[PDB]
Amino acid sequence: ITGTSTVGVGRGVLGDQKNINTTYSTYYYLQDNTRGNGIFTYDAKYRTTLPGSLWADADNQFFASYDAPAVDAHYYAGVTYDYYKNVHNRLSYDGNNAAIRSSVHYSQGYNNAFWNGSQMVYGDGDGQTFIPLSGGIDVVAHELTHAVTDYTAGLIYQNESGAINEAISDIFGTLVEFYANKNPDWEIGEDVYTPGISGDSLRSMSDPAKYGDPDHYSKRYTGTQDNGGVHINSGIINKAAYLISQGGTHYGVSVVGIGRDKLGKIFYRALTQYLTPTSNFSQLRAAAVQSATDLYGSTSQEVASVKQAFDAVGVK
């Protein structure tokens, strides 16, 4: 809508207060004009039609329980936009300031979130497996990172290319979580998964095997479930990324950590300059090595650590 840019206040899924950029035209809409072509948040109203209605509020205060998923989808889309712009000089997911659209209250009891090729979509969860999924900054950033991938490497969502696609979303989801710097970790979805169980998550990057996922290429899944294991085999790449950043010894192979900022630079460059729709794990290794070489030099610690990490997870 056309209107006056303003600032509302609300509470997110976890009960935390935050300011949100809104637009006033009769109602206060969840439309943030301060970032690119805008960030727009919609109410799917428990239906599956998308996007639904641009979120309208009478008083610019978003403290109702029903408001909470919208507040977080809107706010965390803004944080993710800021990460890509400030850290990587990327303007929105297409690099041309495309409008970011999100819908909340998708379906009833829907235990997932996704990028549908055009926008973000968040279920409310069933209250036992998940609470509303936009409460997880890593979840929001994971899904928006699929949009970045769509416009860059375009990794096909099946088998090894698909597992790279997934790992890229977990990596940048996590780096956005660290950027915002509120309870950051190397776990995925911990803020919204299983409200009745403390200390668990959907996936772990530091120890993928904790949730049944492979941490070495020898343990890769080659069945047909989950588009050939895209959320399973992502563990192999997540583990490599974790090792590059944090270091460690894994199956007896030692990796010197280079930190999360350099991890982000290396993987962003690989994603945007070297990866292609059909890239496999071996080709990801080559892309990461080339990226680290460009940024830091062939004799650098950074290049050595990329090689060690991929060696540690059995990817040559």
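Each residue number is its position in the shown sequence, starting from 1.
In this crystal structure, the stretch out of 38-46 and 287-295 whose C-alpha atoms carry the higher mean B factor is 287-295.
Averaged over Cα atoms, the B-factor as recorded in the entry is higher for 195-203 than for the other of 195-203 and 167-175. Of the candidates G136, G228, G235, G78, it is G228 whose Cα B-factor is highest according to the PDB record.
Annotation for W115: C-alpha temperature factor in the middle third relative to the rest of the modelled chain, per the entry. Placement of the Cα temperature factor of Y29 within the chain: lowest third of the modelled residues, per the deposited record.
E143: CA B factor in the middle third of modelled residues in this chain (values from the PDB entry). Per the deposited record, the Cα B-factor of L271 falls in the middle third when ranked against the other modelled residues of its chain. Sorting the modelled residues of the chain by their CA temperature factor places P132 in the lowest third.
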